[PDB]
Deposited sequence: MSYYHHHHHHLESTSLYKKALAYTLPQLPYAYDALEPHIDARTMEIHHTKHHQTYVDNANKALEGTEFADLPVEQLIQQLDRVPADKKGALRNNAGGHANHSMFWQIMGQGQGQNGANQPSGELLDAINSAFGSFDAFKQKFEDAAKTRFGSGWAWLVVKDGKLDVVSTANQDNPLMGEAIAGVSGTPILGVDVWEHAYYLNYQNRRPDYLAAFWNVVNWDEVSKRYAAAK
């Protein structure tokens, strides 16, 4: 059903912002296990949907496969997006920048807001820039929850166009407890061409 997608770049392509050993473990170990356990939970009538569509249909799948698919289909969708919105000062332009200035006042203030949501995510989770009713918004989720899941499951909603992984596995080898330093580094590896593309597709 699902497979591990290939990275668009080498494991060391994001140095020194994210370390190569982390990129390799994160991808070949953590994401792989999300795929494995998602596939095992789908082996069911929902195994033909792409992961992005499945996680919109969780309140629908059996009551007892729901936790495993949420966590694991969630983890697959999230990490799959995550590799694609990174790439080797760095900022958006065009319509996405205009919408950022409209929703948050400025690129610099959007960053602050995105960082703050990432920092106050207590425990494991993600921070997201989403499109909701045509407008940009910053939110976060717990664990492998995704805003595509809806308000009831995820506690928030919208279509993610960018996300940052703040599970500790995402930054502990390079930054230990220093999440904020990880978050500042993350800005240097965002691929805003890809994010601009996702914004066009979702507005």
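J.: Where does the model have holes with respect to the deposited sequence?
T.: Residues lacking C-alpha coordinates: 1 to 21, 65, 111 to 116.
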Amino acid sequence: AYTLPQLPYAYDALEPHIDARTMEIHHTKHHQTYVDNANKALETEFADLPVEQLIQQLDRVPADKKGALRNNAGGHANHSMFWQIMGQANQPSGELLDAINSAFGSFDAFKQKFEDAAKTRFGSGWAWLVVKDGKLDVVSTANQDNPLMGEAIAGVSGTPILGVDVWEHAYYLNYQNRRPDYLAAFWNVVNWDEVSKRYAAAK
From here on, numbers count along this sequence of modelled residues.
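J.: Tell me which of 152 to 160 and 169 to 177 has the higher mean C-alpha B-factor in the deposited entry.
T.: Between 152 to 160 and 169 to 177, it is 152 to 160.
J.: On average, which has the higher Cα B-factor in the deposited entry, 117 to 125 or 89 to 97?
T.: Between 89 to 97 and 117 to 125, it is 89 to 97 that shows the higher mean C-alpha B-factor.
J.: Could you say whether, by C-alpha temperature factor, residue 194 belongs to the lowest, middle or highest third of its chain?
T.: Tercile = middle for this residue's CA B-factor.
J.: How does the C-alpha B factor of residue 69 compare with the rest of the chain: lowest, middle or highest third?
T.: CA B-factor rank for residue 69: middle third.
J.: What third of the chain does residue 142 rank in for C-alpha temperature factor, lowest, middle or highest?
T.: Its C-alpha B-factor, which the entry lists for residue 142, ranks in the lowest third among residues of this chain.
J.: With respect to C-alpha B-factor, does residue 28 fall in the lowest, middle or highest third of the chain as deposited?
T.: Its C-alpha B-factor, which the entry lists for residue 28, ranks in the lowest third among residues of this chain.
J.: Among the chain's modelled residues, which third holds the C-alpha B-factor of residue 111?
T.: Its C-alpha B-factor belongs to the middle third of this chain's values.
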